[PDB]
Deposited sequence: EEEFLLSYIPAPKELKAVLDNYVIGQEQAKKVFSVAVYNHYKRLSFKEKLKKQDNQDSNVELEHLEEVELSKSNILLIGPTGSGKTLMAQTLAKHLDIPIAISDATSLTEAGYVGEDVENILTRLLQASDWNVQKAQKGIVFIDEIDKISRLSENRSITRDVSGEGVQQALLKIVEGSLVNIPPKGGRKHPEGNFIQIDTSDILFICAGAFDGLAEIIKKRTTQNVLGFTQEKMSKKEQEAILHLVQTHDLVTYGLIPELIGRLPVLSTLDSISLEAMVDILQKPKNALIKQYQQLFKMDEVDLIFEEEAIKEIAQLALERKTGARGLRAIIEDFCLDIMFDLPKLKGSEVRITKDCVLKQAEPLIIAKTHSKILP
């Protein structure tokens, strides 16, 4: 569907229904995914149009050389990086293949994409290639990847119009943007940056930073768009449990409702579940596992609760108590 690329605000709206926080990154991703697809669409419009007017534009669009906006997502693990990508790829119904930088301590990647788009060369060439942990790399993998990102022919697939998205935590980058970098400091500094600032300084990263980190200028140039995500705070985590369209709590309420039980998570209960996910550093990924751990018993004997109201509390969450069944 290169027929209609929803506006950046529309895309961002979809994003908002699944990703909490990361407002800037959401904005940057939306505009970036839009510009990428507006171009492929616009470009396709002319060709079909097949005439002299639309043919001059095609030449100018080529002459001007509109660099492909491959994206580079930088943010702590579990912040919504591949989620943002997955969310939109599912909305625009675009085939997307996720991979791992470590896999290359190859063409194999484009293979999954084909599998993800029914071997239809066309849809695959309009798809997304997600490279996670681009930060884990060695100096060879990059170049081996660069050929494909830059755009080449592989056997057959043409990777020229494939949107590349690289992601990583770049654990080191934090300090690098706090050594030989602008907005320096003349005063007496008390100690190493707190991960709060060590994650807030990233939002001030420039291309020369990714280099120092160990990224070949050849690849960084291929990632015009840099987007940084924060770490999930307690408040956002609290929102993730209840706000999104597919929020865990609504899943559990949907499931309990089928057996005519009204399931309620008391505020401090949600706060406790969220605070747990952080400690255990199991992140947002670990929310379902924490809920299952104190809900299993409840779901096991749910019938003797039919028609009533089950109220989840902090104690219950901490498994220091039973849930509040209310007639």
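Enquirer: Counting from 1 along the deposited sequence, what's missing?
Expert: Since the structure holds only modelled residues, the stretches it omits are 1-4, 110-117, 150-163, 182-196, 369-376.
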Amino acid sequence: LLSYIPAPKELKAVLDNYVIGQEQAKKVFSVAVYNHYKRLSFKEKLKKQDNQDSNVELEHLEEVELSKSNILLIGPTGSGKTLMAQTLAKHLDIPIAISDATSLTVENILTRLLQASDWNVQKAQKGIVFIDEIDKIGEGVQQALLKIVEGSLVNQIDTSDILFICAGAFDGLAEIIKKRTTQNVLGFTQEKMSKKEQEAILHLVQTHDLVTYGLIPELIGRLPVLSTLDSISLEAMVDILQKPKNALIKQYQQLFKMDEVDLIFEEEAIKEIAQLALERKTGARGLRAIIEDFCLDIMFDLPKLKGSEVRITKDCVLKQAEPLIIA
From here on, numbers count along this sequence of modelled residues.
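Enquirer: 47-55 versus 259-267: which one carries the higher mean Cα B factor per the record?
Expert: Per the deposited B-factors, the answer is 47-55.
Enquirer: Mean Cα B factor from the PDB record: higher for 14-22, or higher for 312-320?
Expert: Comparing averages over the C-alpha atoms only gives 312-320.
Enquirer: Determine which member of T87, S227, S231, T102 has the highest CA B-factor, using the values in the deposited entry.
Expert: Answer, based on the entry's C-alpha B-factors: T102.
Enquirer: Of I131, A236, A247, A144, which one's C-alpha B factor is largest in the deposited record?
Expert: Answer, based on the entry's C-alpha B-factors: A144.
Enquirer: For the chain shown, is the CA B-factor of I326 in the lowest, middle or highest third of its modelled residues?
Expert: It belongs to the middle third of the chain when residues are ordered by C-alpha B-factor.
Enquirer: Would you mind ranking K178 by its C-alpha B-factor against the rest of the chain and naming the third, lowest, middle or highest?
Expert: CA B-factor rank for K178: highest third.
Enquirer: Relative to the other modelled residues of the same chain, rank the CA B-factor of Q125 and answer lowest, middle or highest third.
Expert: Middle third.
Enquirer: Compared with the other modelled residues in the chain, in which third is the CA B-factor of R285?
Expert: CA B-factor rank for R285: middle third.
Enquirer: Per the entry's values, where does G80 land by CA temperature factor relative to the rest of its chain, in the lowest, middle or highest third?
Expert: Tercile = lowest for this residue's CA B-factor.
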